$ cat structure05.pdb   # PDB, C-alpha atoms
ATOM      1  CA  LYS I 173      54.448  59.588 103.376  1.00  0.00           C
ATOM      2  CA  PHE I 174      51.418  61.779 102.737  1.00  0.00           C
ATOM      3  CA  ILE I 175      50.705  61.280  99.025  1.00  0.00           C
ATOM      4  CA  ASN I 176      46.964  61.772  98.506  1.00  0.00           C
ATOM      5  CA  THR I 177      44.135  62.945 100.732  1.00  0.00           C
ATOM      6  CA  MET I 178      43.156  59.276 100.973  1.00  0.00           C
ATOM      7  CA  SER I 179      46.503  57.560 100.293  1.00  0.00           C
ATOM      8  CA  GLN I 180      49.377  57.381 102.782  1.00  0.00           C
ATOM      9  CA  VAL I 181      52.167  54.808 102.569  1.00  0.00           C
ATOM     10  CA  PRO I 182      54.689  53.765 105.253  1.00  0.00           C
ATOM     11  CA  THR I 183      58.243  54.444 104.111  1.00  0.00           C
ATOM     12  CA  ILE I 184      61.681  53.695 105.527  1.00  0.00           C
ATOM     13  CA  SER I 185      64.224  56.188 104.216  1.00  0.00           C
ATOM     14  CA  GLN I 186      67.948  56.730 104.766  1.00  0.00           C
ATOM     15  CA  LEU I 187      69.116  60.017 106.271  1.00  0.00           C
ATOM     16  CA  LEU I 188      72.803  59.260 107.109  1.00  0.00           C
ATOM     17  CA  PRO I 189      75.048  58.293 105.334  1.00  0.00           C
ATOM     18  CA  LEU I 190      73.786  61.176 103.205  1.00  0.00           C
ATOM     19  CA  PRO I 191      71.811  59.967 100.211  1.00  0.00           C
ATOM     20  CA  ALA I 192      73.227  60.812  96.774  1.00  0.00           C
ATOM     21  CA  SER I 193      72.040  64.048  95.081  1.00  0.00           C
ATOM     22  CA  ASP I 194      70.381  63.512  91.669  1.00  0.00           C
ATOM     23  CA  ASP I 195      71.689  66.949  90.513  1.00  0.00           C
ATOM     24  CA  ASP I 196      75.330  67.965  89.741  1.00  0.00           C
ATOM     25  CA  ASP I 197      76.781  71.369  90.898  1.00  0.00           C
ATOM     26  CA  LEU I 198      79.485  71.296  88.236  1.00  0.00           C
ATOM     27  CA  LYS I 199      77.722  74.441  87.014  1.00  0.00           C
ATOM     28  CA  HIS I 200      78.648  76.056  90.336  1.00  0.00           C
ATOM     29  CA  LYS I 201      82.256  75.863  89.048  1.00  0.00           C
ATOM     30  CA  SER I 202      82.353  79.517  88.279  1.00  0.00           C
ATOM     31  CA  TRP I 203      82.008  80.631  91.873  1.00  0.00           C
ATOM     32  CA  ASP I 204      83.147  79.712  95.364  1.00  0.00           C
ATOM     33  CA  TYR I 205      81.906  80.938  98.737  1.00  0.00           C
ATOM     34  CA  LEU I 206      84.138  83.158 100.933  1.00  0.00           C
ATOM     35  CA  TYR I 207      83.928  80.677 103.827  1.00  0.00           C
ATOM     36  CA  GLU I 208      84.226  82.575 107.128  1.00  0.00           C
ATOM     37  CA  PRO I 209      85.507  81.255 109.500  1.00  0.00           C
ATOM     38  CA  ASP I 210      86.539  77.884 107.971  1.00  0.00           C
ATOM     39  CA  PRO I 211      84.784  75.220 105.792  1.00  0.00           C
ATOM     40  CA  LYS I 212      85.067  71.992 107.813  1.00  0.00           C
ATOM     41  CA  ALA I 213      83.708  73.186 111.161  1.00  0.00           C
ATOM     42  CA  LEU I 214      80.952  74.798 109.078  1.00  0.00           C
ATOM     43  CA  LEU I 215      80.055  71.678 107.081  1.00  0.00           C
ATOM     44  CA  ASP I 216      79.704  69.816 110.378  1.00  0.00           C
ATOM     45  CA  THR I 217      77.012  72.217 111.592  1.00  0.00           C
ATOM     46  CA  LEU I 218      75.329  72.241 108.179  1.00  0.00           C
ATOM     47  CA  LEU I 219      74.989  68.451 108.191  1.00  0.00           C
ATOM     48  CA  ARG I 220      73.681  68.293 111.762  1.00  0.00           C
ATOM     49  CA  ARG I 221      71.054  70.940 111.031  1.00  0.00           C
ATOM     50  CA  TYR I 222      70.062  69.163 107.820  1.00  0.00           C
ATOM     51  CA  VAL I 223      69.241  65.800 109.377  1.00  0.00           C
ATOM     52  CA  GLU I 224      67.129  67.743 111.890  1.00  0.00           C
ATOM     53  CA  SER I 225      64.930  69.381 109.246  1.00  0.00           C
ATOM     54  CA  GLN I 226      64.405  66.110 107.386  1.00  0.00           C
ATOM     55  CA  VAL I 227      63.324  64.456 110.652  1.00  0.00           C
ATOM     56  CA  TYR I 228      61.117  67.390 111.512  1.00  0.00           C
ATOM     57  CA  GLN I 229      59.762  67.088 107.971  1.00  0.00           C
TER      58      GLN I 229
ATOM     59  CA  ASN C   3     139.904 108.416  87.165  1.00  0.00           C
ATOM     60  CA  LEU C   4     138.470 107.563  90.585  1.00  0.00           C
ATOM     61  CA  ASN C   5     135.083 109.064  89.684  1.00  0.00           C
ATOM     62  CA  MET C   6     134.280 106.372  87.121  1.00  0.00           C
ATOM     63  CA  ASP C   7     134.511 103.795  89.876  1.00  0.00           C
ATOM     64  CA  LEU C   8     131.804 105.172  92.123  1.00  0.00           C
ATOM     65  CA  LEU C   9     129.709 106.694  89.340  1.00  0.00           C
ATOM     66  CA  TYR C  10     128.976 103.064  88.499  1.00  0.00           C
ATOM     67  CA  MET C  11     128.771 101.804  92.084  1.00  0.00           C
ATOM     68  CA  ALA C  12     126.064 104.335  92.907  1.00  0.00           C
ATOM     69  CA  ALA C  13     124.171 103.582  89.696  1.00  0.00           C
ATOM     70  CA  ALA C  14     124.098  99.955  90.817  1.00  0.00           C
ATOM     71  CA  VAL C  15     122.900 100.438  94.390  1.00  0.00           C
ATOM     72  CA  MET C  16     120.166 102.802  93.208  1.00  0.00           C
ATOM     73  CA  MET C  17     118.925 100.490  90.451  1.00  0.00           C
ATOM     74  CA  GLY C  18     119.279  97.324  92.523  1.00  0.00           C
ATOM     75  CA  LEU C  19     117.116  98.608  95.357  1.00  0.00           C
ATOM     76  CA  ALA C  20     114.745 100.095  92.782  1.00  0.00           C
ATOM     77  CA  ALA C  21     114.357  96.533  91.528  1.00  0.00           C
ATOM     78  CA  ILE C  22     113.733  94.964  94.939  1.00  0.00           C
ATOM     79  CA  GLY C  23     111.066  97.589  95.511  1.00  0.00           C
ATOM     80  CA  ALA C  24     109.336  97.301  92.149  1.00  0.00           C
ATOM     81  CA  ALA C  25     109.304  93.505  92.009  1.00  0.00           C
ATOM     82  CA  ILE C  26     108.221  92.593  95.536  1.00  0.00           C
ATOM     83  CA  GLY C  27     105.856  95.551  95.665  1.00  0.00           C
ATOM     84  CA  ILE C  28     103.984  94.208  92.667  1.00  0.00           C
ATOM     85  CA  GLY C  29     104.107  90.585  93.790  1.00  0.00           C
ATOM     86  CA  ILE C  30     102.390  91.300  97.096  1.00  0.00           C
ATOM     87  CA  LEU C  31      99.781  93.061  94.977  1.00  0.00           C
ATOM     88  CA  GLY C  32      99.498  90.422  92.272  1.00  0.00           C
ATOM     89  CA  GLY C  33      98.914  87.664  94.790  1.00  0.00           C
ATOM     90  CA  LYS C  34      95.815  89.356  96.156  1.00  0.00           C
ATOM     91  CA  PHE C  35      94.624  89.818  92.576  1.00  0.00           C
ATOM     92  CA  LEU C  36      94.885  86.072  91.958  1.00  0.00           C
ATOM     93  CA  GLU C  37      93.294  84.769  95.158  1.00  0.00           C
ATOM     94  CA  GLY C  38      90.290  86.966  94.425  1.00  0.00           C
ATOM     95  CA  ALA C  39      90.012  85.721  90.848  1.00  0.00           C
ATOM     96  CA  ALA C  40      90.479  82.105  91.959  1.00  0.00           C
ATOM     97  CA  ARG C  41      87.231  82.351  93.976  1.00  0.00           C
ATOM     98  CA  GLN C  42      84.808  84.053  91.547  1.00  0.00           C
ATOM     99  CA  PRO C  43      86.636  84.302  88.196  1.00  0.00           C
ATOM    100  CA  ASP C  44      83.661  86.141  86.672  1.00  0.00           C
ATOM    101  CA  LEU C  45      85.247  89.340  88.038  1.00  0.00           C
ATOM    102  CA  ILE C  46      88.646  88.754  86.391  1.00  0.00           C
ATOM    103  CA  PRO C  47      88.257  91.611  83.858  1.00  0.00           C
ATOM    104  CA  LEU C  48      86.968  93.928  86.585  1.00  0.00           C
ATOM    105  CA  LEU C  49      89.715  93.248  89.120  1.00  0.00           C
ATOM    106  CA  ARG C  50      92.419  93.326  86.451  1.00  0.00           C
ATOM    107  CA  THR C  51      91.361  96.890  85.718  1.00  0.00           C
ATOM    108  CA  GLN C  52      91.772  97.924  89.340  1.00  0.00           C
ATOM    109  CA  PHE C  53      95.062  96.037  89.371  1.00  0.00           C
ATOM    110  CA  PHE C  54      96.651  98.290  86.775  1.00  0.00           C
ATOM    111  CA  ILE C  55      95.123 101.370  88.390  1.00  0.00           C
ATOM    112  CA  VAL C  56      97.034 100.649  91.573  1.00  0.00           C
ATOM    113  CA  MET C  57     100.140  99.165  89.964  1.00  0.00           C
ATOM    114  CA  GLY C  58     100.860 102.457  88.220  1.00  0.00           C
ATOM    115  CA  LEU C  59     101.177 104.003  91.664  1.00  0.00           C
ATOM    116  CA  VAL C  60     103.596 101.275  92.772  1.00  0.00           C
ATOM    117  CA  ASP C  61     106.008 102.043  89.929  1.00  0.00           C
ATOM    118  CA  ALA C  62     105.981 105.751  90.788  1.00  0.00           C
ATOM    119  CA  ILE C  63     109.261 105.939  92.733  1.00  0.00           C
ATOM    120  CA  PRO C  64     111.037 102.810  91.408  1.00  0.00           C
ATOM    121  CA  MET C  65     110.972 104.085  87.825  1.00  0.00           C
ATOM    122  CA  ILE C  66     112.131 107.517  89.015  1.00  0.00           C
ATOM    123  CA  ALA C  67     115.127 105.862  90.655  1.00  0.00           C
ATOM    124  CA  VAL C  68     115.764 103.826  87.506  1.00  0.00           C
ATOM    125  CA  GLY C  69     115.699 107.016  85.448  1.00  0.00           C
ATOM    126  CA  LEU C  70     118.189 108.716  87.746  1.00  0.00           C
ATOM    127  CA  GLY C  71     120.384 105.614  87.624  1.00  0.00           C
ATOM    128  CA  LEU C  72     120.357 105.630  83.828  1.00  0.00           C
ATOM    129  CA  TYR C  73     121.224 109.329  83.875  1.00  0.00           C
ATOM    130  CA  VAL C  74     124.129 108.686  86.253  1.00  0.00           C
ATOM    131  CA  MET C  75     125.455 105.724  84.271  1.00  0.00           C
ATOM    132  CA  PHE C  76     125.125 107.050  80.713  1.00  0.00           C
ATOM    133  CA  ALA C  77     124.981 110.854  80.782  1.00  0.00           C
ATOM    134  CA  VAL C  78     127.350 111.301  83.731  1.00  0.00           C
ATOM    135  CA  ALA C  79     129.429 108.385  82.417  1.00  0.00           C
TER     136      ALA C  79
ATOM    137  CA  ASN V   3     144.058  99.558  87.648  1.00  0.00           C
ATOM    138  CA  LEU V   4     141.298  99.626  90.276  1.00  0.00           C
ATOM    139  CA  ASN V   5     138.504 100.482  87.827  1.00  0.00           C
ATOM    140  CA  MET V   6     137.603  96.964  86.669  1.00  0.00           C
ATOM    141  CA  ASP V   7     137.572  95.571  90.216  1.00  0.00           C
ATOM    142  CA  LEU V   8     134.884  97.944  91.448  1.00  0.00           C
ATOM    143  CA  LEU V   9     133.050  97.706  88.120  1.00  0.00           C
ATOM    144  CA  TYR V  10     132.709  93.985  88.836  1.00  0.00           C
ATOM    145  CA  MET V  11     131.703  94.863  92.400  1.00  0.00           C
ATOM    146  CA  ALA V  12     128.981  97.200  91.115  1.00  0.00           C
ATOM    147  CA  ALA V  13     127.617  94.647  88.658  1.00  0.00           C
ATOM    148  CA  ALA V  14     127.667  92.093  91.481  1.00  0.00           C
ATOM    149  CA  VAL V  15     125.618  94.329  93.771  1.00  0.00           C
ATOM    150  CA  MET V  16     123.198  95.109  90.945  1.00  0.00           C
ATOM    151  CA  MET V  17     122.613  91.467  90.041  1.00  0.00           C
ATOM    152  CA  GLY V  18     122.373  90.218  93.622  1.00  0.00           C
ATOM    153  CA  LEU V  19     119.654  92.742  94.400  1.00  0.00           C
ATOM    154  CA  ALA V  20     117.915  91.995  91.092  1.00  0.00           C
ATOM    155  CA  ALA V  21     117.942  88.283  91.933  1.00  0.00           C
ATOM    156  CA  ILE V  22     116.504  88.933  95.387  1.00  0.00           C
ATOM    157  CA  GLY V  23     113.697  90.969  93.866  1.00  0.00           C
ATOM    158  CA  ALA V  24     112.769  88.605  91.049  1.00  0.00           C
ATOM    159  CA  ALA V  25     112.949  85.530  93.275  1.00  0.00           C
ATOM    160  CA  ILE V  26     110.804  86.802  96.121  1.00  0.00           C
ATOM    161  CA  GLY V  27     108.284  88.480  93.821  1.00  0.00           C
ATOM    162  CA  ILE V  28     107.660  85.446  91.654  1.00  0.00           C
ATOM    163  CA  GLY V  29     107.625  83.288  94.781  1.00  0.00           C
ATOM    164  CA  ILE V  30     104.899  85.287  96.505  1.00  0.00           C
ATOM    165  CA  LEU V  31     102.892  85.407  93.269  1.00  0.00           C
ATOM    166  CA  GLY V  32     103.237  81.685  92.582  1.00  0.00           C
ATOM    167  CA  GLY V  33     102.210  80.814  96.116  1.00  0.00           C
ATOM    168  CA  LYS V  34      98.802  82.380  95.554  1.00  0.00           C
ATOM    169  CA  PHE V  35      98.606  80.868  92.076  1.00  0.00           C
ATOM    170  CA  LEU V  36      99.163  77.390  93.520  1.00  0.00           C
ATOM    171  CA  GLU V  37      96.348  78.107  95.996  1.00  0.00           C
ATOM    172  CA  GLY V  38      93.923  79.222  93.279  1.00  0.00           C
ATOM    173  CA  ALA V  39      94.237  76.078  91.195  1.00  0.00           C
ATOM    174  CA  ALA V  40      93.481  73.870  94.168  1.00  0.00           C
ATOM    175  CA  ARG V  41      90.303  75.780  95.025  1.00  0.00           C
ATOM    176  CA  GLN V  42      89.069  75.692  91.424  1.00  0.00           C
ATOM    177  CA  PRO V  43      90.964  73.161  89.309  1.00  0.00           C
ATOM    178  CA  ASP V  44      89.493  73.215  85.750  1.00  0.00           C
ATOM    179  CA  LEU V  45      90.122  76.947  85.373  1.00  0.00           C
ATOM    180  CA  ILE V  46      93.893  76.298  85.479  1.00  0.00           C
ATOM    181  CA  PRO V  47      93.675  77.190  81.709  1.00  0.00           C
ATOM    182  CA  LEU V  48      93.064  80.657  83.026  1.00  0.00           C
ATOM    183  CA  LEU V  49      94.851  81.297  86.314  1.00  0.00           C
ATOM    184  CA  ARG V  50      98.146  80.371  84.649  1.00  0.00           C
ATOM    185  CA  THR V  51      97.428  82.878  81.880  1.00  0.00           C
ATOM    186  CA  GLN V  52      96.781  85.663  84.373  1.00  0.00           C
ATOM    187  CA  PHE V  53      99.839  84.541  86.348  1.00  0.00           C
ATOM    188  CA  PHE V  54     102.072  85.035  83.312  1.00  0.00           C
ATOM    189  CA  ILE V  55     100.459  88.408  82.617  1.00  0.00           C
ATOM    190  CA  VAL V  56     101.412  89.467  86.144  1.00  0.00           C
ATOM    191  CA  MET V  57     104.854  87.823  86.083  1.00  0.00           C
ATOM    192  CA  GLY V  58     105.828  89.971  83.117  1.00  0.00           C
ATOM    193  CA  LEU V  59     105.218  93.130  85.147  1.00  0.00           C
ATOM    194  CA  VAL V  60     106.904  91.643  88.220  1.00  0.00           C
ATOM    195  CA  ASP V  61     110.072  90.951  86.210  1.00  0.00           C
ATOM    196  CA  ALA V  62     110.033  94.120  84.076  1.00  0.00           C
ATOM    197  CA  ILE V  63     112.563  95.934  86.298  1.00  0.00           C
ATOM    198  CA  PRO V  64     114.867  93.072  87.402  1.00  0.00           C
ATOM    199  CA  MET V  65     115.344  92.380  83.698  1.00  0.00           C
ATOM    200  CA  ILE V  66     116.670  95.919  83.254  1.00  0.00           C
ATOM    201  CA  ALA V  67     118.925  95.396  86.266  1.00  0.00           C
ATOM    202  CA  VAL V  68     120.397  92.232  84.750  1.00  0.00           C
ATOM    203  CA  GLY V  69     120.688  93.889  81.347  1.00  0.00           C
ATOM    204  CA  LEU V  70     122.751  96.756  82.720  1.00  0.00           C
ATOM    205  CA  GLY V  71     124.813  94.442  84.923  1.00  0.00           C
ATOM    206  CA  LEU V  72     125.818  92.506  81.820  1.00  0.00           C
ATOM    207  CA  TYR V  73     126.293  95.792  79.947  1.00  0.00           C
ATOM    208  CA  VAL V  74     128.864  96.750  82.581  1.00  0.00           C
ATOM    209  CA  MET V  75     130.593  93.388  82.984  1.00  0.00           C
ATOM    210  CA  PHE V  76     131.129  92.716  79.264  1.00  0.00           C
ATOM    211  CA  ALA V  77     131.169  96.124  77.576  1.00  0.00           C
ATOM    212  CA  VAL V  78     132.613  98.369  80.290  1.00  0.00           C
ATOM    213  CA  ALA V  79     134.696  95.662  82.004  1.00  0.00           C
TER     214      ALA V  79
END
$ encode --input "structure05.pdb" --output "C-alpha cells"
Amino acid sequence: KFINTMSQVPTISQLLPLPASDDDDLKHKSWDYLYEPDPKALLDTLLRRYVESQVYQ
Amino acid sequence: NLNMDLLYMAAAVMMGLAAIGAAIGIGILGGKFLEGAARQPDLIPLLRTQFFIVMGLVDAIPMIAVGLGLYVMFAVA
Amino acid sequence: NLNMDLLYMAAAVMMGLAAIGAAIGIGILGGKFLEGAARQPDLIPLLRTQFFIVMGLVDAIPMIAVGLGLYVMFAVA
C-alpha cells in the first residue's frame, strides 16, 4: 500500500468472498434499474470485472 | 308479449359484453401502470395522470353500449 | 308463461359475462401488483393503495351489470 512518499506497508487483503460494504443503499429504495437483459447473468459479469480492477489497482 | 322477452335478452348481451370489454381493457392497462410505478415510484403522480388520459379513451365504446342497453331496458321496456 | 324463463336466461347471461370480466381484470391487475411488491417490498403501503384505486375503475362496469341482473331477477322476475 502506497501511503506516504516515504512510507509503504505490505498488506494482505481479501477480494473474494466480497468484503462487506460500510455504506447502506437502503436510500436507493426509491428506485430500481430497468435490468436489460436479466439481473443474474449481469451481476456475474459485474463481479468478475470488479475483482479485475481491484487487482489492477 | 313476446317482445318483452327479447327486449331484455338483448339488453343483457349488450351490457355483458360491454362489461367484459371495459373491465379487461382497463386491467391490461392498469397492470402496466403498476409495474412502472413498482420500479421508480417517484413517477407515480406523473404516470397516474397519463393513466386517466388513456383510460377515458378505453371507456369510449363500452359506456356507449351501456347507455344503449339502459335505453333498451328502461325506455323501450 | 315464457316471460320469466327468458328473463332468468337474460340475467344469467348478464351475470356470467360480468363475472368473466371482473375476474380476469382483477386477476391481470393483481398479477402485476404481486410482482411490484416483490421488487420493492417496503412500499407495499403504497402499491396496494394504487391497486385499489385501479380496482375501483376495473369493477365500475361489472358492478352495473350485476346490479341490473339482480334488478331483473328480483323486481322483473
$ resolve_selection --input "structure05.pdb" --expression "the PyMOL selection byres ((chain V and resi 75) around 10)" --output "number ranges by chain"
V: 6, 9-14, 70-74, 76-79
$ calpha_fit_rmsd --input "structure05.pdb" --fixed "chain V" --moving "chain C"
0.5 Å
$ closest_atom_pairs --input "structure05.pdb" --of "chain I" --to "chain C" --cutoff "9 Å" --atoms "only C-alpha atoms" --output "JSON lines"
{"residue": "I:201", "atom": "CA", "partner": "C:42", "partner_atom": "CA", "distance": 8.9}
{"residue": "I:202", "atom": "CA", "partner": "C:42", "partner_atom": "CA", "distance": 6.1}
{"residue": "I:203", "atom": "CA", "partner": "C:42", "partner_atom": "CA", "distance": 4.4}
{"residue": "I:204", "atom": "CA", "partner": "C:41", "partner_atom": "CA", "distance": 5.1}
{"residue": "I:205", "atom": "CA", "partner": "C:41", "partner_atom": "CA", "distance": 7.3}
{"residue": "I:206", "atom": "CA", "partner": "C:41", "partner_atom": "CA", "distance": 7.7}
$ residues_around --input "structure05.pdb" --residues "residue 229 (chain I)" --least-positions-apart "3" --cutoff "12 Å" --atoms "all atoms listed in the file" --output "ChimeraX atom specification"
/I:173-174,187,222-226
$ interface_residues --input "structure05.pdb" --of "chain C" --to "chain V" --cutoff "7 Å" --atoms "all atoms listed in the file" --output "NGL selection string"
:C and (7 or 10-11 or 14-15 or 17-19 or 21-22 or 24-26 or 28-30 or 32-33 or 36-37 or 40)
$ atom_distance --input "structure05.pdb" --atom1 "CA of residue 220 (chain I)" --atom2 "CA of residue 190 (chain I)"
11.1 Å
$ build_atoms --input "structure05.pdb" --residues "region 184-218 of chain I" --atoms "N, CA and C atoms" --output "PDB file, in the coordinates of the input"
ATOM      1  N   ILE I 184      60.418  53.660 104.802  1.00  0.00           N
ATOM      2  CA  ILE I 184      61.681  53.695 105.527  1.00  0.00           C
ATOM      3  C   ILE I 184      62.702  54.327 104.598  1.00  0.00           C
ATOM      4  N   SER I 185      63.286  55.435 105.031  1.00  0.00           N
ATOM      5  CA  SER I 185      64.224  56.188 104.216  1.00  0.00           C
ATOM      6  C   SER I 185      65.520  56.366 104.983  1.00  0.00           C
ATOM      7  N   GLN I 186      66.587  56.568 104.206  1.00  0.00           N
ATOM      8  CA  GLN I 186      67.948  56.730 104.766  1.00  0.00           C
ATOM      9  C   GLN I 186      68.269  58.205 104.886  1.00  0.00           C
ATOM     10  N   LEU I 187      68.716  58.618 106.063  1.00  0.00           N
ATOM     11  CA  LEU I 187      69.116  60.017 106.271  1.00  0.00           C
ATOM     12  C   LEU I 187      70.643  60.086 106.266  1.00  0.00           C
ATOM     13  N   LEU I 188      71.320  59.280 107.076  1.00  0.00           N
ATOM     14  CA  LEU I 188      72.803  59.260 107.109  1.00  0.00           C
ATOM     15  C   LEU I 188      73.248  57.810 106.958  1.00  0.00           C
ATOM     16  N   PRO I 189      74.146  57.403 106.041  1.00  0.00           N
ATOM     17  CA  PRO I 189      75.048  58.293 105.334  1.00  0.00           C
ATOM     18  C   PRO I 189      74.229  59.114 104.346  1.00  0.00           C
ATOM     19  N   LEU I 190      74.673  60.315 104.012  1.00  0.00           N
ATOM     20  CA  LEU I 190      73.786  61.176 103.205  1.00  0.00           C
ATOM     21  C   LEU I 190      73.477  60.525 101.875  1.00  0.00           C
ATOM     22  N   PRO I 191      72.197  60.496 101.485  1.00  0.00           N
ATOM     23  CA  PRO I 191      71.811  59.967 100.211  1.00  0.00           C
ATOM     24  C   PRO I 191      72.397  60.870  99.134  1.00  0.00           C
ATOM     25  N   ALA I 192      72.494  60.306  97.942  1.00  0.00           N
ATOM     26  CA  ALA I 192      73.227  60.812  96.774  1.00  0.00           C
ATOM     27  C   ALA I 192      72.335  61.789  96.022  1.00  0.00           C
ATOM     28  N   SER I 193      72.825  62.998  95.765  1.00  0.00           N
ATOM     29  CA  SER I 193      72.040  64.048  95.081  1.00  0.00           C
ATOM     30  C   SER I 193      71.864  63.653  93.624  1.00  0.00           C
ATOM     31  N   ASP I 194      70.651  63.782  93.098  1.00  0.00           N
ATOM     32  CA  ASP I 194      70.381  63.512  91.669  1.00  0.00           C
ATOM     33  C   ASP I 194      71.113  64.563  90.838  1.00  0.00           C
ATOM     34  N   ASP I 195      71.125  65.816  91.290  1.00  0.00           N
ATOM     35  CA  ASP I 195      71.689  66.949  90.513  1.00  0.00           C
ATOM     36  C   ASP I 195      73.208  67.014  90.627  1.00  0.00           C
ATOM     37  N   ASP I 196      73.865  67.728  89.705  1.00  0.00           N
ATOM     38  CA  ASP I 196      75.330  67.965  89.741  1.00  0.00           C
ATOM     39  C   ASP I 196      75.542  69.477  89.850  1.00  0.00           C
ATOM     40  N   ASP I 197      76.458  69.926  90.712  1.00  0.00           N
ATOM     41  CA  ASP I 197      76.781  71.369  90.898  1.00  0.00           C
ATOM     42  C   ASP I 197      78.120  71.624  90.215  1.00  0.00           C
ATOM     43  N   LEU I 198      78.370  70.931  89.105  1.00  0.00           N
ATOM     44  CA  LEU I 198      79.485  71.296  88.236  1.00  0.00           C
ATOM     45  C   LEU I 198      79.285  72.693  87.661  1.00  0.00           C
ATOM     46  N   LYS I 199      78.026  73.099  87.492  1.00  0.00           N
ATOM     47  CA  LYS I 199      77.722  74.441  87.014  1.00  0.00           C
ATOM     48  C   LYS I 199      78.040  75.501  88.065  1.00  0.00           C
ATOM     49  N   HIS I 200      78.187  75.109  89.329  1.00  0.00           N
ATOM     50  CA  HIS I 200      78.648  76.056  90.336  1.00  0.00           C
ATOM     51  C   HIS I 200      80.149  76.304  90.250  1.00  0.00           C
ATOM     52  N   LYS I 201      80.824  75.697  89.274  1.00  0.00           N
ATOM     53  CA  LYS I 201      82.256  75.863  89.048  1.00  0.00           C
ATOM     54  C   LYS I 201      82.716  77.288  89.292  1.00  0.00           C
ATOM     55  N   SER I 202      81.932  78.170  88.686  1.00  0.00           N
ATOM     56  CA  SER I 202      82.353  79.517  88.279  1.00  0.00           C
ATOM     57  C   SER I 202      82.265  80.390  89.516  1.00  0.00           C
ATOM     58  N   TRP I 203      82.001  79.784  90.669  1.00  0.00           N
ATOM     59  CA  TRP I 203      82.008  80.631  91.873  1.00  0.00           C
ATOM     60  C   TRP I 203      82.346  79.802  93.092  1.00  0.00           C
ATOM     61  N   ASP I 204      82.912  80.437  94.101  1.00  0.00           N
ATOM     62  CA  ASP I 204      83.147  79.712  95.364  1.00  0.00           C
ATOM     63  C   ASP I 204      82.811  80.652  96.505  1.00  0.00           C
ATOM     64  N   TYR I 205      82.322  80.106  97.598  1.00  0.00           N
ATOM     65  CA  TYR I 205      81.906  80.938  98.737  1.00  0.00           C
ATOM     66  C   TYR I 205      83.142  81.493  99.441  1.00  0.00           C
ATOM     67  N   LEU I 206      83.034  82.644 100.095  1.00  0.00           N
ATOM     68  CA  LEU I 206      84.138  83.158 100.933  1.00  0.00           C
ATOM     69  C   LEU I 206      83.940  82.580 102.329  1.00  0.00           C
ATOM     70  N   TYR I 207      84.204  81.302 102.519  1.00  0.00           N
ATOM     71  CA  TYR I 207      83.928  80.677 103.827  1.00  0.00           C
ATOM     72  C   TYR I 207      84.686  81.402 104.926  1.00  0.00           C
ATOM     73  N   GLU I 208      83.925  82.054 105.779  1.00  0.00           N
ATOM     74  CA  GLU I 208      84.226  82.575 107.128  1.00  0.00           C
ATOM     75  C   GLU I 208      83.519  81.656 108.116  1.00  0.00           C
ATOM     76  N   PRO I 209      84.079  81.269 109.271  1.00  0.00           N
ATOM     77  CA  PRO I 209      85.507  81.255 109.500  1.00  0.00           C
ATOM     78  C   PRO I 209      86.292  80.213 108.710  1.00  0.00           C
ATOM     79  N   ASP I 210      85.784  78.984 108.621  1.00  0.00           N
ATOM     80  CA  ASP I 210      86.539  77.884 107.971  1.00  0.00           C
ATOM     81  C   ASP I 210      85.595  76.740 107.637  1.00  0.00           C
ATOM     82  N   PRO I 211      85.803  76.022 106.495  1.00  0.00           N
ATOM     83  CA  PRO I 211      84.784  75.220 105.792  1.00  0.00           C
ATOM     84  C   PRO I 211      84.416  73.920 106.487  1.00  0.00           C
ATOM     85  N   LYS I 212      85.331  73.307 107.235  1.00  0.00           N
ATOM     86  CA  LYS I 212      85.067  71.992 107.813  1.00  0.00           C
ATOM     87  C   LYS I 212      84.171  72.094 109.046  1.00  0.00           C
ATOM     88  N   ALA I 213      84.545  72.961 109.990  1.00  0.00           N
ATOM     89  CA  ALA I 213      83.708  73.186 111.161  1.00  0.00           C
ATOM     90  C   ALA I 213      82.336  73.704 110.762  1.00  0.00           C
ATOM     91  N   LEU I 214      82.225  74.281 109.565  1.00  0.00           N
ATOM     92  CA  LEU I 214      80.952  74.798 109.078  1.00  0.00           C
ATOM     93  C   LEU I 214      80.119  73.707 108.410  1.00  0.00           C
ATOM     94  N   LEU I 215      80.764  72.813 107.656  1.00  0.00           N
ATOM     95  CA  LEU I 215      80.055  71.678 107.081  1.00  0.00           C
ATOM     96  C   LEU I 215      79.505  70.764 108.164  1.00  0.00           C
ATOM     97  N   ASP I 216      80.221  70.631 109.283  1.00  0.00           N
ATOM     98  CA  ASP I 216      79.704  69.816 110.378  1.00  0.00           C
ATOM     99  C   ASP I 216      78.344  70.329 110.844  1.00  0.00           C
ATOM    100  N   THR I 217      78.264  71.631 111.131  1.00  0.00           N
ATOM    101  CA  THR I 217      77.012  72.217 111.592  1.00  0.00           C
ATOM    102  C   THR I 217      75.939  72.129 110.515  1.00  0.00           C
ATOM    103  N   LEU I 218      76.313  72.358 109.252  1.00  0.00           N
ATOM    104  CA  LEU I 218      75.329  72.241 108.179  1.00  0.00           C
ATOM    105  C   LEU I 218      74.709  70.849 108.150  1.00  0.00           C
TER     106      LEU I 218
END
